[PDB]
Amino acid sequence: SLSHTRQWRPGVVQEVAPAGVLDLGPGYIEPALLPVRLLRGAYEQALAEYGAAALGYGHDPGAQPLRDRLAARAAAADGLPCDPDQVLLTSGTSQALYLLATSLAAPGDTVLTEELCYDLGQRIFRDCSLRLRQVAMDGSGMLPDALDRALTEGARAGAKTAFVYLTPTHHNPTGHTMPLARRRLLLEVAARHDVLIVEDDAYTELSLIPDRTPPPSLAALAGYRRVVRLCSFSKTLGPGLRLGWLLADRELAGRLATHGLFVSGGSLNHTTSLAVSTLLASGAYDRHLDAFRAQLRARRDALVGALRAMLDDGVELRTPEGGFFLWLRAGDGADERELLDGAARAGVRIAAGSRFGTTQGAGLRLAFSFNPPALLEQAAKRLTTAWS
């Protein structure tokens, strides 16, 4: 296989856990599952098909063939319209978050987030000199009354809210999916205060129950009024590609794409976008997603099945409908450090819930994306044994 690990080493990849550690920490894709061979063929085809145009400056919002297909995919998933002029290619959601935090917000502005949300996203906002304020959540995500109060309070305090940051589908870290009714209630609150929502949908294509799909995006439900949606190829084809996209209404997408950043450099990742375009065009992307989702489902079920047969009675686990993560809620007198100590005795790396915000009791995030079923089962056995 071309998905070998001979160069999966510090200094090449972002992080490698210490030797001997079964790594359920990061939401990385298992190396054997990364579609190296598919992307090799994609670059081969794209460079032949697009020729010199693959190496020239790209069309500023992104090559139109990819724009067109991404809009059509959004519309099909939402059941609601999406025009190509609403789409703007990015070099990854991390870069898109940086762009929004510096172009749709100014230093000192506040970003409202759920009590638990993406830790490195918070770090982007903080490092862009934005203030963070958490909002109470339940098993369906941000609570509408709590958001209403936070926006009302912020106003009276003179705290300008730049945007509300939400990951509504296959939430990082809890795995939950916000249902339609909650989505509408949060949009109503945001509209009343006329505050922008930034909807980070990195896991949207990773529903693990076949023939089930997430509810329509916040952006589509709002008719793209005062919502920007961020999507990425990181969790479907490979994070190293540094390619994603952004959906907004035509006016805002157009405004962003006329920034000097885009006029100076063109499409934010042109050559790679054409490679990925060839995969969408041929159906190979969807064939890959079907196989990958089936691989993730098997890993989810192996990890859930082992933990459930083995966990203590006080630990609660809600099977996620998709994405990369399980969320364990111990609560009670259970101590996060004590649980992490058990993970260390087990030789397993997991992610501490406190990284993501405030938990009711103790919470732990475990990834099932990075290891095969048998190793996940072994990690659950070891964790269970240590924790008993």
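Residue positions are given as counts along the sequence shown, with the first one as 1.
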For this session: Return whichever of 95-103 and 127-135 has the greater mean Cα B factor according to the PDB record.
Result: 127-135
Exercise. Going by the B-factors listed in the PDB entry, is the mean over the C-alpha atoms higher for 287-295 or for 244-252?
Worked result: 287-295
Seminar exercise, completed: Looking only at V304, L280, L268, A275, the Cα with the top B-factor belongs to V304
Exercise. If you compare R40, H59, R329, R69, which has the highest Cα B-factor in the entry?
Worked result: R329
For this session: Please rank the C-alpha B-factors of the chain's modelled residues and tell me whether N371 sits in the lowest, middle or highest third.
Result: middle
Problem set entry | Where the record places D78 (Cα B-factor, split into thirds across the chain) | middle
Exercise. By the record's CA B-factor, is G357 among the lowest, middle or highest third of residues in the chain?
Worked result: highest
Exercise. Is the Cα B-factor recorded for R229 in the lowest, middle or highest third of its chain?
Worked result: lowest
For this session: Just say lowest, middle or highest third for the CA B-factor of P65 relative to the other modelled residues in its chain.
Result: middle
